[PDB]
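Everything below concerns the one structure shown next.
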There are 2 protein chains.
Amino acid sequence: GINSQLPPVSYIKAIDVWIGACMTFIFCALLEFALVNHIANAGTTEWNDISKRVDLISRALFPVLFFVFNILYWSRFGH
Amino acid sequence: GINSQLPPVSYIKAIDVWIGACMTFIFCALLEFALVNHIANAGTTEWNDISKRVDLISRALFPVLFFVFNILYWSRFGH
């Protein structure tokens, strides 16, 4: 929807950066599930429990990384 | 389909508001299921009863909230 409004231009815009990032964060969140579902399925407790560990660190890593991005993004395109 | 019909304009229009609402309500309705299905899966008497309350209130909250929006929407874009 944003694309039509946006004129075709060959150089990188601020709108392209913020789109590609959000696209990635959501994609990685889905990929994270694939990794979690894999190691859990192999049914042995070392691995059984590791799946949760992956989930635990994801609840912290993603919000921090996204918060870091916003600081970097808006301070760059704040001028 | 609505975007194609519409010529490119930079400010927020009434058609944009009513799209974002319907888009959100449907996303949240699906989101409600995701929240319900999670707490349901652990199947202990506690979580169960909670899920049912969530299902019960959704049949009332969503129609009311949507009804509130329409009153706000059409009284705003009625002139």
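By order in the structure tokens, chains are A, B, ...; within a chain, residues start at 1; ligands start at 1, following the order shown.
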May I have chain A as a compact mmCIF listing (two decimals) with N, CA, C and O atoms, in the first residue's frame, after a least-squares superposition on chain B that uses all C-alpha atoms paired in order?
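Written out: out_38.txt:
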```
# COMPACT_ATOMS: atom_id res chain seq x y z
N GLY A 1 -8.33 -3.61 -4.04
CA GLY A 1 -9.22 -3.18 -5.11
C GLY A 1 -9.63 -1.72 -5.00
O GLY A 1 -9.72 -1.02 -6.01
N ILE A 2 -9.89 -1.28 -3.78
CA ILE A 2 -10.26 0.11 -3.52
C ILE A 2 -9.09 1.06 -3.78
O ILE A 2 -9.29 2.20 -4.21
N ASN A 3 -7.88 0.58 -3.52
CA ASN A 3 -6.66 1.38 -3.63
C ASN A 3 -6.35 1.97 -5.01
O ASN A 3 -5.94 3.13 -5.10
N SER A 4 -6.54 1.20 -6.08
CA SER A 4 -6.21 1.66 -7.43
C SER A 4 -7.07 2.86 -7.80
O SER A 4 -6.58 3.84 -8.36
N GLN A 5 -8.36 2.74 -7.51
CA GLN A 5 -9.33 3.79 -7.78
C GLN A 5 -8.93 5.04 -7.03
O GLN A 5 -9.06 6.16 -7.53
N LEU A 6 -8.46 4.83 -5.81
CA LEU A 6 -8.06 5.90 -4.93
C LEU A 6 -6.79 6.53 -5.44
O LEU A 6 -5.79 5.85 -5.67
N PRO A 7 -6.82 7.85 -5.64
CA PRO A 7 -5.64 8.62 -6.04
C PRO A 7 -4.60 8.70 -4.94
O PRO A 7 -4.96 8.72 -3.77
N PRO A 8 -3.31 8.76 -5.31
CA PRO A 8 -2.30 8.83 -4.26
C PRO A 8 -2.32 10.21 -3.62
O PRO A 8 -2.14 11.20 -4.32
N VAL A 9 -2.54 10.28 -2.31
CA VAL A 9 -2.54 11.56 -1.62
C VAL A 9 -1.84 11.41 -0.26
O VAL A 9 -1.99 10.39 0.42
N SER A 10 -1.06 12.41 0.11
CA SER A 10 -0.25 12.33 1.32
C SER A 10 -1.03 12.49 2.62
O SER A 10 -0.55 12.05 3.66
N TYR A 11 -2.19 13.13 2.60
CA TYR A 11 -2.93 13.29 3.86
C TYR A 11 -3.92 12.15 4.10
O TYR A 11 -4.37 11.49 3.17
N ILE A 12 -4.25 11.94 5.37
CA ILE A 12 -5.17 10.88 5.80
C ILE A 12 -6.61 11.10 5.34
O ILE A 12 -7.17 12.18 5.53
N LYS A 13 -7.19 10.07 4.75
CA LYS A 13 -8.56 10.14 4.25
C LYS A 13 -9.51 9.31 5.10
O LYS A 13 -9.08 8.47 5.90
N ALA A 14 -10.81 9.55 4.93
CA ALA A 14 -11.84 8.80 5.65
C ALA A 14 -11.80 7.32 5.28
O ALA A 14 -12.14 6.46 6.09
N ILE A 15 -11.40 7.04 4.04
CA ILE A 15 -11.34 5.66 3.56
C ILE A 15 -10.21 4.89 4.22
O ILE A 15 -10.28 3.67 4.36
N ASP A 16 -9.16 5.60 4.64
CA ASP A 16 -8.01 4.98 5.28
C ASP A 16 -8.33 4.58 6.71
O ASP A 16 -7.90 3.52 7.18
N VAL A 17 -9.09 5.43 7.39
CA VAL A 17 -9.49 5.17 8.77
C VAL A 17 -10.36 3.93 8.86
O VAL A 17 -10.13 3.05 9.70
N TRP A 18 -11.36 3.85 7.99
CA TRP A 18 -12.33 2.77 8.05
C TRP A 18 -11.75 1.44 7.57
O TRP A 18 -12.26 0.37 7.90
N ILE A 19 -10.68 1.51 6.79
CA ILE A 19 -9.98 0.31 6.36
C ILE A 19 -9.09 -0.23 7.47
O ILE A 19 -9.13 -1.42 7.79
N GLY A 20 -8.31 0.66 8.08
CA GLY A 20 -7.39 0.29 9.13
C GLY A 20 -8.09 -0.27 10.35
O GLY A 20 -7.54 -1.11 11.07
N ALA A 21 -9.31 0.20 10.60
CA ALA A 21 -10.09 -0.27 11.73
C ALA A 21 -10.57 -1.70 11.49
O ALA A 21 -10.32 -2.58 12.31
N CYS A 22 -11.25 -1.92 10.37
CA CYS A 22 -11.75 -3.24 10.01
C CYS A 22 -10.62 -4.26 9.92
O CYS A 22 -10.80 -5.43 10.23
N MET A 23 -9.45 -3.79 9.48
CA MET A 23 -8.27 -4.64 9.41
C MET A 23 -7.85 -5.07 10.81
O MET A 23 -7.41 -6.20 11.02
N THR A 24 -8.00 -4.16 11.77
CA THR A 24 -7.61 -4.42 13.15
C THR A 24 -8.58 -5.37 13.84
O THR A 24 -8.16 -6.33 14.49
N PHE A 25 -9.88 -5.09 13.72
CA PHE A 25 -10.91 -5.91 14.35
C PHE A 25 -10.82 -7.38 13.95
O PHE A 25 -11.02 -8.27 14.77
N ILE A 26 -10.50 -7.62 12.68
CA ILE A 26 -10.37 -8.99 12.17
C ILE A 26 -9.07 -9.61 12.66
O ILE A 26 -9.01 -10.80 12.98
N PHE A 27 -8.03 -8.79 12.75
CA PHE A 27 -6.73 -9.24 13.23
C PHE A 27 -6.79 -9.61 14.71
O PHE A 27 -6.21 -10.61 15.13
N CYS A 28 -7.51 -8.81 15.48
CA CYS A 28 -7.63 -9.04 16.92
C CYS A 28 -8.48 -10.27 17.20
O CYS A 28 -8.25 -11.00 18.17
N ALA A 29 -9.47 -10.51 16.34
CA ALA A 29 -10.33 -11.68 16.45
C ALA A 29 -9.51 -12.96 16.27
O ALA A 29 -9.77 -13.97 16.92
N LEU A 30 -8.53 -12.90 15.38
CA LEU A 30 -7.63 -14.03 15.16
C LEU A 30 -6.62 -14.18 16.29
O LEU A 30 -6.32 -15.30 16.72
N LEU A 31 -6.10 -13.06 16.78
CA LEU A 31 -5.15 -13.07 17.89
C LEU A 31 -5.81 -13.62 19.15
O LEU A 31 -5.17 -14.29 19.96
N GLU A 32 -7.09 -13.30 19.31
CA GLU A 32 -7.87 -13.77 20.45
C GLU A 32 -7.83 -15.29 20.50
O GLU A 32 -7.71 -15.88 21.57
N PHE A 33 -7.93 -15.92 19.33
CA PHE A 33 -7.88 -17.38 19.24
C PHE A 33 -6.53 -17.92 19.71
O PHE A 33 -6.47 -18.96 20.36
N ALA A 34 -5.46 -17.21 19.37
CA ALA A 34 -4.11 -17.62 19.75
C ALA A 34 -3.93 -17.61 21.27
O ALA A 34 -3.29 -18.50 21.83
N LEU A 35 -4.50 -16.61 21.92
CA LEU A 35 -4.46 -16.52 23.38
C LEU A 35 -5.29 -17.62 24.01
O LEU A 35 -4.88 -18.24 25.00
N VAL A 36 -6.46 -17.87 23.43
CA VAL A 36 -7.37 -18.90 23.93
C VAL A 36 -6.77 -20.29 23.77
O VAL A 36 -6.81 -21.11 24.69
N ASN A 37 -6.21 -20.57 22.60
CA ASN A 37 -5.61 -21.87 22.32
C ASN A 37 -4.40 -22.13 23.21
O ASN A 37 -4.11 -23.28 23.55
N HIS A 38 -3.70 -21.06 23.58
CA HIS A 38 -2.54 -21.18 24.46
C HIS A 38 -2.88 -21.61 25.88
O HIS A 38 -2.37 -22.62 26.37
N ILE A 39 -3.73 -20.83 26.55
CA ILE A 39 -4.06 -21.09 27.95
C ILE A 39 -4.87 -22.38 28.14
O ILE A 39 -4.83 -22.98 29.21
N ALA A 40 -5.59 -22.79 27.11
CA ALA A 40 -6.33 -24.05 27.17
C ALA A 40 -5.39 -25.24 27.13
O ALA A 40 -5.59 -26.23 27.84
N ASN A 41 -4.38 -25.14 26.28
CA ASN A 41 -3.46 -26.24 26.00
C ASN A 41 -2.64 -26.67 27.21
O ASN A 41 -2.21 -27.82 27.30
N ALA A 42 -2.41 -25.74 28.14
CA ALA A 42 -1.60 -26.00 29.33
C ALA A 42 -2.25 -26.96 30.33
O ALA A 42 -1.72 -27.19 31.42
N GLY A 43 -3.40 -27.51 29.96
CA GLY A 43 -4.08 -28.56 30.72
C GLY A 43 -4.19 -28.56 32.24
O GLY A 43 -3.82 -29.53 32.90
N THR A 44 -4.68 -27.47 32.82
CA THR A 44 -5.03 -27.49 34.22
C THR A 44 -6.33 -26.70 34.29
O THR A 44 -6.43 -25.62 33.73
N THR A 45 -7.30 -27.18 35.07
CA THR A 45 -8.68 -26.65 35.06
C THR A 45 -8.88 -25.17 35.41
O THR A 45 -9.77 -24.52 34.83
N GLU A 46 -8.06 -24.61 36.32
CA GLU A 46 -8.14 -23.16 36.57
C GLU A 46 -7.98 -22.55 35.18
O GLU A 46 -8.86 -21.84 34.72
N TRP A 47 -6.85 -22.83 34.53
CA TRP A 47 -6.65 -22.38 33.16
C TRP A 47 -7.59 -23.04 32.12
O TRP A 47 -8.10 -22.33 31.26
N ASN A 48 -7.78 -24.37 32.17
CA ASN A 48 -8.77 -25.04 31.28
C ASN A 48 -10.04 -24.22 31.05
O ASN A 48 -10.35 -23.86 29.92
N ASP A 49 -10.80 -24.00 32.12
CA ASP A 49 -12.02 -23.18 32.10
C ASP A 49 -11.88 -21.68 31.79
O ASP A 49 -12.82 -21.08 31.30
N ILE A 50 -10.72 -21.08 32.07
CA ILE A 50 -10.52 -19.65 31.80
C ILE A 50 -10.68 -19.36 30.31
O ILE A 50 -11.20 -18.31 29.93
N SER A 51 -10.24 -20.30 29.48
CA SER A 51 -10.33 -20.15 28.03
C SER A 51 -11.74 -19.79 27.58
O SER A 51 -11.92 -18.90 26.75
N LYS A 52 -12.72 -20.50 28.12
CA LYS A 52 -14.12 -20.23 27.82
C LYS A 52 -14.52 -18.82 28.23
O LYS A 52 -15.23 -18.13 27.50
N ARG A 53 -14.04 -18.39 29.40
CA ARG A 53 -14.31 -17.05 29.92
C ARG A 53 -13.84 -15.99 28.93
O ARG A 53 -14.52 -14.98 28.71
N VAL A 54 -12.67 -16.21 28.35
CA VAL A 54 -12.13 -15.32 27.32
C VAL A 54 -13.07 -15.28 26.11
O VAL A 54 -13.33 -14.21 25.55
N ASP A 55 -13.57 -16.44 25.72
CA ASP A 55 -14.51 -16.55 24.62
C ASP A 55 -15.83 -15.83 24.91
O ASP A 55 -16.41 -15.20 24.04
N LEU A 56 -16.29 -15.94 26.16
CA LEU A 56 -17.56 -15.34 26.56
C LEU A 56 -17.52 -13.82 26.47
O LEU A 56 -18.46 -13.20 25.97
N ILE A 57 -16.44 -13.22 26.97
CA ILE A 57 -16.32 -11.77 26.99
C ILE A 57 -16.04 -11.21 25.59
O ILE A 57 -16.33 -10.05 25.31
N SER A 58 -15.48 -12.05 24.72
CA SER A 58 -15.19 -11.65 23.35
C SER A 58 -16.48 -11.50 22.54
O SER A 58 -16.57 -10.67 21.64
N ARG A 59 -17.48 -12.32 22.88
CA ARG A 59 -18.77 -12.28 22.20
C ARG A 59 -19.53 -11.00 22.51
O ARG A 59 -20.53 -10.68 21.85
N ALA A 60 -19.06 -10.27 23.51
CA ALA A 60 -19.70 -9.03 23.93
C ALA A 60 -18.81 -7.82 23.63
O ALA A 60 -19.29 -6.79 23.17
N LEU A 61 -17.52 -7.97 23.90
CA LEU A 61 -16.57 -6.86 23.76
C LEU A 61 -16.45 -6.37 22.32
O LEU A 61 -16.59 -5.18 22.05
N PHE A 62 -16.17 -7.30 21.41
CA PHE A 62 -15.99 -6.95 19.99
C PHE A 62 -17.22 -6.29 19.34
O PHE A 62 -17.06 -5.27 18.66
N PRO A 63 -18.43 -6.85 19.53
CA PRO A 63 -19.57 -6.18 18.89
C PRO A 63 -19.83 -4.79 19.46
O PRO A 63 -20.26 -3.90 18.72
N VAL A 64 -19.57 -4.60 20.75
CA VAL A 64 -19.76 -3.30 21.37
C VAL A 64 -18.73 -2.30 20.86
O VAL A 64 -19.07 -1.19 20.45
N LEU A 65 -17.46 -2.71 20.86
CA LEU A 65 -16.37 -1.86 20.40
C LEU A 65 -16.55 -1.46 18.94
O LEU A 65 -16.27 -0.32 18.56
N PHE A 66 -17.03 -2.39 18.12
CA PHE A 66 -17.28 -2.11 16.71
C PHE A 66 -18.46 -1.16 16.54
O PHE A 66 -18.46 -0.31 15.65
N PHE A 67 -19.47 -1.32 17.39
CA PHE A 67 -20.64 -0.46 17.35
C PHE A 67 -20.28 0.94 17.81
O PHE A 67 -20.80 1.93 17.30
N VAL A 68 -19.38 1.02 18.79
CA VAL A 68 -18.88 2.30 19.27
C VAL A 68 -18.10 3.00 18.15
O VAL A 68 -18.24 4.21 17.95
N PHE A 69 -17.29 2.23 17.43
CA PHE A 69 -16.50 2.77 16.34
C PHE A 69 -17.37 3.37 15.24
O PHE A 69 -17.11 4.49 14.79
N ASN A 70 -18.39 2.63 14.82
CA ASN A 70 -19.29 3.09 13.76
C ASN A 70 -19.98 4.40 14.12
O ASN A 70 -20.11 5.29 13.27
N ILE A 71 -20.41 4.53 15.37
CA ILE A 71 -21.00 5.77 15.85
C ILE A 71 -20.00 6.91 15.76
O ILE A 71 -20.33 8.00 15.28
N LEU A 72 -18.78 6.66 16.20
CA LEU A 72 -17.72 7.66 16.14
C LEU A 72 -17.33 7.99 14.71
O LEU A 72 -17.09 9.15 14.37
N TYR A 73 -17.26 6.96 13.86
CA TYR A 73 -16.83 7.13 12.48
C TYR A 73 -17.83 7.94 11.65
O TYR A 73 -17.47 8.94 11.04
N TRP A 74 -19.08 7.49 11.64
CA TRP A 74 -20.07 8.08 10.75
C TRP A 74 -20.53 9.45 11.22
O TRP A 74 -21.00 10.26 10.42
N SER A 75 -20.41 9.72 12.52
CA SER A 75 -20.73 11.04 13.05
C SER A 75 -19.61 12.04 12.78
O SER A 75 -19.82 13.25 12.83
N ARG A 76 -18.42 11.52 12.48
CA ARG A 76 -17.27 12.36 12.17
C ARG A 76 -17.22 12.69 10.68
O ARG A 76 -16.94 13.82 10.28
N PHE A 77 -17.52 11.68 9.86
CA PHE A 77 -17.48 11.82 8.41
C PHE A 77 -18.90 11.84 7.85
O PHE A 77 -19.17 11.34 6.76
N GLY A 78 -19.79 12.44 8.64
CA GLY A 78 -21.19 12.62 8.31
C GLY A 78 -21.42 14.03 7.80
O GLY A 78 -22.54 14.42 7.50
N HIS A 79 -20.33 14.80 7.74
CA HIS A 79 -20.37 16.20 7.35
C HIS A 79 -19.48 16.47 6.14
O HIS A 79 -19.87 17.17 5.21
```
- Item | Which of chain A fall in helix (DSSP H, G or I), as a PyMOL selection string | chain A and resi 2-5+14-41+45-76
